[PDB]
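Q: Dumping the structure here so I can ask a few things about it.
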Amino acid sequence: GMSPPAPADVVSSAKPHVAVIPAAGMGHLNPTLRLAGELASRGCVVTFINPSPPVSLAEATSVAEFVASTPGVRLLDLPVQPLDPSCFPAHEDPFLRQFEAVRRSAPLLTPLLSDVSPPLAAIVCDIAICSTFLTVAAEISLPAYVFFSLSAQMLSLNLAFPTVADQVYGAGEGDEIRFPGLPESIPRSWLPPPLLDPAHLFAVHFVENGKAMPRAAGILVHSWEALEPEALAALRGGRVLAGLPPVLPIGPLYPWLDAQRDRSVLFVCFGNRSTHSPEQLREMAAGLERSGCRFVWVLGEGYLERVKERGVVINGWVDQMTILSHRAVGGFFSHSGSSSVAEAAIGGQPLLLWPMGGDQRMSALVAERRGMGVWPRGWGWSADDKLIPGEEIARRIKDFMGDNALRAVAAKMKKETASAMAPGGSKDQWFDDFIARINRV
Amino acid sequence: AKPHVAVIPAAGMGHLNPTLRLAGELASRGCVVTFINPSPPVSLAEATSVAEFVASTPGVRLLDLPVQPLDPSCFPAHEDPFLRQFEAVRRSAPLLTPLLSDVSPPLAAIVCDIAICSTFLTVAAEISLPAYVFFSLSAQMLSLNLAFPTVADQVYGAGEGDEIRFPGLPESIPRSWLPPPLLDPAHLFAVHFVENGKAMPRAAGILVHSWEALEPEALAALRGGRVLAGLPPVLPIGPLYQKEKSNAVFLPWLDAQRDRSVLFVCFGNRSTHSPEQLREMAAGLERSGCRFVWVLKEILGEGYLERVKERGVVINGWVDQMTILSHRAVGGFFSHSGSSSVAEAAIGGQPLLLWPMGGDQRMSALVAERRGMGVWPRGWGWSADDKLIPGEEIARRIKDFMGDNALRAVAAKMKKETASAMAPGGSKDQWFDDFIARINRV
């Protein structure tokens, strides 16, 4: 979906005032902080809503740095009481209960905004807590926009799932479900496992949030036309969900190597939160070593003196972006994820995908549809522990590191994404569109 | 390629002609369009207009949807035939999915006029076909229609003379200015109004006959989440007009008149003016001493025509209104203040003397008053409230109206801006590009 015509009274107006409410967890906080930055950048005054007291002090620190470093932002405190841990199953995600605590506090918010000057033009709320705030915003006639920080693909799933929910739970395992607006019929096993149990807390949040978003003034999604043209076309053209409100693509919100032939080195990082069985981690080592490609691994389990190598391994956290953009590297080996695709797209790197769980199967589809990533189907998540042997991994790496079909579209993705992040580029146009549409004369 | 789009119109010339213009505009841009025609239409005009159009326009194909008319035992309180046909084709919506099973190339979308939309949305969703509501009226009436469900109890229980705040709309609305049938919850129109106001948030999106220069604050409210929550995309698709070309001169007296000197007066198809009011209206035009073209014992009177022969022409029949409003000799439009009359005056740059008679004509008068291009004398009431205005009063208002040079200049401005919107690569082209791209499948 490309930019709607720009109507604007460029004659005279103050920049609009936007309140912003994040969901819990650094994965949700950082994109929101970037979104709020991007608004402040263009002259909007923003009021950041903090749950008080914070669940995490680090999160509140991140917030503090942001309000101190950027000028148009005020900080507002929202009292929330943590929910009772005993009524939360310990198997399910700890962050779910943190979402429910702050949802509970939405009635406290409408008095808090009454004093506020200049008047609010809108409130932006993370999908993960938005449902009860949408109702509060409606009472005070304040346009409420949902921030969906995962892919446009996940957004289409999350909106379409309630309309096909009976089909999903009636299906027999091994069945494939056709989700509206998405071309590829997909197996139910590709959905996040919790979603399959209707009683499960993730399912209950997923449907609740999927039913809440259509009530919003619109949806701001972390995607861009060059990355997800079909998903965004279907969202803006009523193919995922009838009556959907406007959907605005708001992304992207983002030594040893200098010696190697360019595009020669595979960059592999399974991430801070990766799940690999020790057998599986060891098989990765065997396969990596057997491939014969040059490689840098972010991660004993290796072997004994396994580092007698042409390759490199790194324990310490490092910016994926500097290396991904580096001439030497020609390939990105990583887990699936809305995050990993986006950086590979900015980096112009092809993607070899091993999905960990949950949404990551779905994020693999985002790469595969563009033609810039491969997920070998047997490379399942750690459920039933079907071991993937190093020989298979080595052949797959060689094959991946030779596949210039994937490498070419990734290289085009970098060019198209760079043009989107440029001044006057697609991303600016969508932020200009949003600011203009909520600005009052 | 370009998408295949199906289009469905509502009963009556006022709902058919927009849909015809919308459909022509989509074929103009290389969409192949299927015109779904509920059969049979109420009137021969509608039947003739459809046939001439599809015959005249290359991209279009005609798909007859057979609709059984409303039973006389059904809604007997309402004798209005066009209102009955709204109800009839709304009940025919389940017929449509067998009709569309054949069609190739596959349809990219369907566009349903607002009067009939609610049921056709539900059918379109079952066959997974994006459905767009065409709101052939103004953005003002769209805001009102969308917000009415949310404030209906406060409207029904409010007193006469009370003003009601509707969320998207800039100024509060007097209860007397609402369409009177709305005041009656039992009334079929009010039933349709609530069904439609509730169905439109379910559509893929809403195409509205408006443009930024005409209704900038209502289009901002609709697009900015300030009139209703969960609203789908609203795209202004106007202006839409017919007119004619390569044709003979309709009225040589009008061509012989001086620049902006003639008052063109017309009160539309459903004019509810009384015979007593018509004779007083004729006396007002005569007493004004202004040049005029008026299209509709004798209601005029004895010898009225000979007395008025140098400055007046009264015609009894159809006339192309948009052609007359774009004529260099007319300087004023004395109108029943329809939604379509106000959009046409804006295209032609004519100021409006407004006499709202019924329904949404009052809301239209506010659109024109807001832009400063029209004058609705309060006291010129609903036809249903039988207050007889004297020709001596009509003459004074006509003189003041034709003399308001400042009124004329904003009407001239509006013409200029509206012409920008029509120019290539202007606003309208971009909205239409936007829709076609929105619909188009790779």
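To be explicit about the labels: the chains of the structure tokens are called A, B, and onward in the order shown, and within each one the residues are counted from 1, while ligands get numbers from 1 in the order they are shown.
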Per DSSP on the backbone, what are the alpha helix (DSSP H) residues of range 335-385 of chain B, as a list in words?
A: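 DSSP-assigned alpha helix (DSSP H) residues in range 335-385 of chain B: residues 339, 340, 341, 342, 343, 344, 345, 346, 347, 348, 361, 362, 363, 364, 365, 366, 367, 368, 369 and 370 of chain B.
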Q: Near residue 127 in chain B, counting only C-alpha atoms, which residues have an atom at most 12 Å away, once you skip same-chain residues fewer than 5 positions from it, shown as a compact mmCIF listing (two decimals) with N, CA, C and O atoms, in the first residue's frame?
A:
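Result file result.txt:
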```txt
# COMPACT_ATOMS: atom_id res chain seq x y z
N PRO A 180 -7.53 -14.80 5.46
CA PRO A 180 -7.92 -13.80 4.46
C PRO A 180 -6.77 -12.84 4.15
O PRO A 180 -6.01 -12.45 5.03
N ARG A 239 -8.66 -6.64 2.57
CA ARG A 239 -8.62 -8.06 2.23
C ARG A 239 -8.28 -8.92 3.44
O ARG A 239 -8.50 -10.14 3.43
N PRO B 94 -28.98 -11.41 -1.01
CA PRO B 94 -28.53 -12.80 -1.15
C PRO B 94 -28.53 -13.29 -2.59
O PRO B 94 -27.81 -14.24 -2.89
N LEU B 96 -27.05 -12.07 -5.01
CA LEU B 96 -25.94 -11.57 -5.82
C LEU B 96 -24.83 -12.61 -5.99
O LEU B 96 -24.22 -12.70 -7.06
N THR B 97 -24.57 -13.40 -4.95
CA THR B 97 -23.46 -14.34 -5.02
C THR B 97 -23.62 -15.39 -6.11
O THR B 97 -22.61 -15.70 -6.76
N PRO B 98 -24.81 -15.95 -6.39
CA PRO B 98 -24.93 -16.77 -7.61
C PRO B 98 -24.65 -15.97 -8.89
O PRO B 98 -24.08 -16.52 -9.84
N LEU B 99 -25.02 -14.69 -8.93
CA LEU B 99 -24.77 -13.87 -10.11
C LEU B 99 -23.28 -13.67 -10.38
O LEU B 99 -22.88 -13.50 -11.54
N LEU B 100 -22.46 -13.66 -9.33
CA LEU B 100 -21.04 -13.33 -9.46
C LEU B 100 -20.17 -14.57 -9.58
O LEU B 100 -18.97 -14.44 -9.85
N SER B 101 -20.74 -15.76 -9.39
CA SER B 101 -19.98 -16.99 -9.53
C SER B 101 -19.35 -17.09 -10.91
O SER B 101 -18.21 -17.54 -11.04
N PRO B 106 -11.87 -12.16 -12.59
CA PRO B 106 -12.41 -12.11 -11.23
C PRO B 106 -12.57 -10.66 -10.83
O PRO B 106 -11.87 -9.78 -11.33
N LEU B 107 -13.55 -10.40 -9.97
CA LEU B 107 -13.78 -9.03 -9.54
C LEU B 107 -12.71 -8.65 -8.54
O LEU B 107 -12.30 -9.48 -7.73
N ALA B 108 -12.21 -7.42 -8.62
CA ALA B 108 -11.30 -6.95 -7.58
C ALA B 108 -12.08 -6.34 -6.43
O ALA B 108 -11.67 -6.43 -5.26
N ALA B 109 -13.22 -5.74 -6.74
CA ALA B 109 -13.97 -5.06 -5.70
C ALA B 109 -15.39 -4.85 -6.20
O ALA B 109 -15.68 -4.98 -7.39
N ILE B 110 -16.27 -4.51 -5.27
CA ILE B 110 -17.61 -4.05 -5.58
C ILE B 110 -17.85 -2.73 -4.85
O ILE B 110 -17.31 -2.51 -3.77
N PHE B 120 -25.53 -5.79 1.17
CA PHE B 120 -24.59 -6.20 0.13
C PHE B 120 -23.17 -6.32 0.68
O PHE B 120 -22.39 -7.16 0.21
N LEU B 121 -22.83 -5.51 1.69
CA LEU B 121 -21.60 -5.73 2.45
C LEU B 121 -21.51 -7.16 2.97
O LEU B 121 -20.48 -7.83 2.84
N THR B 122 -22.60 -7.65 3.57
CA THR B 122 -22.54 -8.95 4.22
C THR B 122 -22.37 -10.07 3.20
O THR B 122 -21.59 -11.00 3.41
```
Q: Do you know which residues are at most 9 Å from residue 13 in chain A counting only C-alpha atoms, after dropping those on the same chain fewer than 5 positions away, and could you put them as a list in words?
A: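 Close residues of residue 13 in chain A: residues 439, 440 and 441 of chain A.
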Q: Could you save those same residues with C-alpha atoms as a PDB file, in the first residue's frame?
A:
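Contents of the output file selection_25.pdb:
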```pdb
ATOM      1  CA  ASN A 439      -3.264  17.858  13.248  1.00  0.00           C
ATOM      2  CA  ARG A 440      -6.077  20.300  13.856  1.00  0.00           C
ATOM      3  CA  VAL A 441      -6.437  23.611  12.026  1.00  0.00           C
TER       4      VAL A 441
END
```
Q: Got a sec: who's within 9 Å of residue 311 in chain B, counting only C-alpha atoms, leaving out chain neighbours fewer than 3 positions off, as a PyMOL selection string?
A: chain B and resi 262+286+289-293+308
Q: Within 7 Å of chain B, which residues of chain A are there when counting only C-alpha atoms? Please give them as JSON, numbers by chain.
A: {"A": [1, 4, 5, 143, 214, 215, 216, 217, 233, 236, 237, 238, 239, 242, 243, 244, 245, 246, 437, 438]}
Q: Residues as selected, N, CA and C atoms, written as a PDB file, in the first residue's frame, can you do that?
A:
```
ATOM      1  N   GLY A   1       0.801  -1.206   0.000  1.00  0.00           N
ATOM      2  CA  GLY A   1       0.000   0.000   0.000  1.00  0.00           C
ATOM      3  C   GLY A   1       0.843   1.269   0.000  1.00  0.00           C
ATOM      4  N   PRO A   4      -1.206   7.661   0.664  1.00  0.00           N
ATOM      5  CA  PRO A   4      -2.433   8.265   0.173  1.00  0.00           C
ATOM      6  C   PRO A   4      -2.146   9.697  -0.205  1.00  0.00           C
ATOM      7  N   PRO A   5      -2.924  10.289  -1.114  1.00  0.00           N
ATOM      8  CA  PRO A   5      -2.678  11.691  -1.467  1.00  0.00           C
ATOM      9  C   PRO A   5      -2.487  12.495  -0.194  1.00  0.00           C
ATOM     10  N   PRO A 143      -8.669  10.506  19.463  1.00  0.00           N
ATOM     11  CA  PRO A 143      -8.302   9.449  18.506  1.00  0.00           C
ATOM     12  C   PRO A 143      -7.174   8.572  19.045  1.00  0.00           C
ATOM     13  N   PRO A 214      -9.466  -3.400  15.370  1.00  0.00           N
ATOM     14  CA  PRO A 214     -10.415  -2.758  14.454  1.00  0.00           C
ATOM     15  C   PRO A 214     -11.190  -1.620  15.069  1.00  0.00           C
ATOM     16  N   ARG A 215     -11.198  -1.482  16.399  1.00  0.00           N
ATOM     17  CA  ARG A 215     -11.928  -0.392  17.026  1.00  0.00           C
ATOM     18  C   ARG A 215     -11.132   0.906  17.019  1.00  0.00           C
ATOM     19  N   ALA A 216      -9.862   0.868  16.597  1.00  0.00           N
ATOM     20  CA  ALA A 216      -8.971   2.017  16.713  1.00  0.00           C
ATOM     21  C   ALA A 216      -9.225   3.061  15.629  1.00  0.00           C
ATOM     22  N   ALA A 217      -8.652   4.243  15.845  1.00  0.00           N
ATOM     23  CA  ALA A 217      -8.653   5.264  14.805  1.00  0.00           C
ATOM     24  C   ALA A 217      -7.793   4.824  13.625  1.00  0.00           C
ATOM     25  N   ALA A 233      -0.660  -4.178   1.049  1.00  0.00           N
ATOM     26  CA  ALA A 233      -1.761  -3.979   0.107  1.00  0.00           C
ATOM     27  C   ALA A 233      -3.069  -4.555   0.648  1.00  0.00           C
ATOM     28  N   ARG A 236      -4.570  -2.454   3.525  1.00  0.00           N
ATOM     29  CA  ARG A 236      -5.139  -1.126   3.178  1.00  0.00           C
ATOM     30  C   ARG A 236      -6.276  -1.252   2.178  1.00  0.00           C
ATOM     31  N   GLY A 237      -6.496  -2.448   1.670  1.00  0.00           N
ATOM     32  CA  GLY A 237      -7.521  -2.680   0.677  1.00  0.00           C
ATOM     33  C   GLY A 237      -8.598  -3.627   1.123  1.00  0.00           C
ATOM     34  N   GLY A 238      -8.804  -3.763   2.432  1.00  0.00           N
ATOM     35  CA  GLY A 238      -9.873  -4.559   2.997  1.00  0.00           C
ATOM     36  C   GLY A 238      -9.840  -6.040   2.686  1.00  0.00           C
ATOM     37  N   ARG A 239      -8.664  -6.641   2.569  1.00  0.00           N
ATOM     38  CA  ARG A 239      -8.624  -8.056   2.229  1.00  0.00           C
ATOM     39  C   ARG A 239      -8.280  -8.921   3.444  1.00  0.00           C
ATOM     40  N   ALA A 242     -12.653  -6.945   7.025  1.00  0.00           N
ATOM     41  CA  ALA A 242     -13.610  -5.951   6.577  1.00  0.00           C
ATOM     42  C   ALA A 242     -13.758  -4.877   7.643  1.00  0.00           C
ATOM     43  N   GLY A 243     -13.895  -3.631   7.214  1.00  0.00           N
ATOM     44  CA  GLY A 243     -14.024  -2.553   8.176  1.00  0.00           C
ATOM     45  C   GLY A 243     -12.752  -2.180   8.903  1.00  0.00           C
ATOM     46  N   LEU A 244     -11.605  -2.731   8.516  1.00  0.00           N
ATOM     47  CA  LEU A 244     -10.337  -2.365   9.140  1.00  0.00           C
ATOM     48  C   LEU A 244     -10.102  -0.858   9.012  1.00  0.00           C
ATOM     49  N   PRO A 245      -9.578  -0.195  10.042  1.00  0.00           N
ATOM     50  CA  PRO A 245      -9.300   1.249   9.929  1.00  0.00           C
ATOM     51  C   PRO A 245      -7.977   1.473   9.214  1.00  0.00           C
ATOM     52  N   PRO A 246      -7.555   2.717   8.969  1.00  0.00           N
ATOM     53  CA  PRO A 246      -6.347   2.911   8.149  1.00  0.00           C
ATOM     54  C   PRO A 246      -5.123   2.255   8.778  1.00  0.00           C
ATOM     55  N   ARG A 437      -2.775  14.086   9.409  1.00  0.00           N
ATOM     56  CA  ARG A 437      -4.155  13.574   9.588  1.00  0.00           C
ATOM     57  C   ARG A 437      -4.686  13.776  11.008  1.00  0.00           C
ATOM     58  N   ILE A 438      -3.819  13.915  11.998  1.00  0.00           N
ATOM     59  CA  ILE A 438      -4.285  14.185  13.369  1.00  0.00           C
ATOM     60  C   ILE A 438      -4.129  15.642  13.767  1.00  0.00           C
TER      61      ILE A 438
END
```
Q: CA of residue 385 in chain A and CA of residue 294 in chain A, how far apart in Å?
A: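 Answer for the CA of residue 294 in chain A to CA of residue 385 in chain A separation: 28.3 Å.
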Q: Pick out the residues sitting within 10 Å of residue 232 in chain A, and hand them over as a ChimeraX atom specification; count only C-alpha atoms, and ignore anything fewer than 4 positions along from it in its own chain.
A: /A:1-2,151-153,155-156,181,221,223-228,236-237,239-240,247-249 /B:438
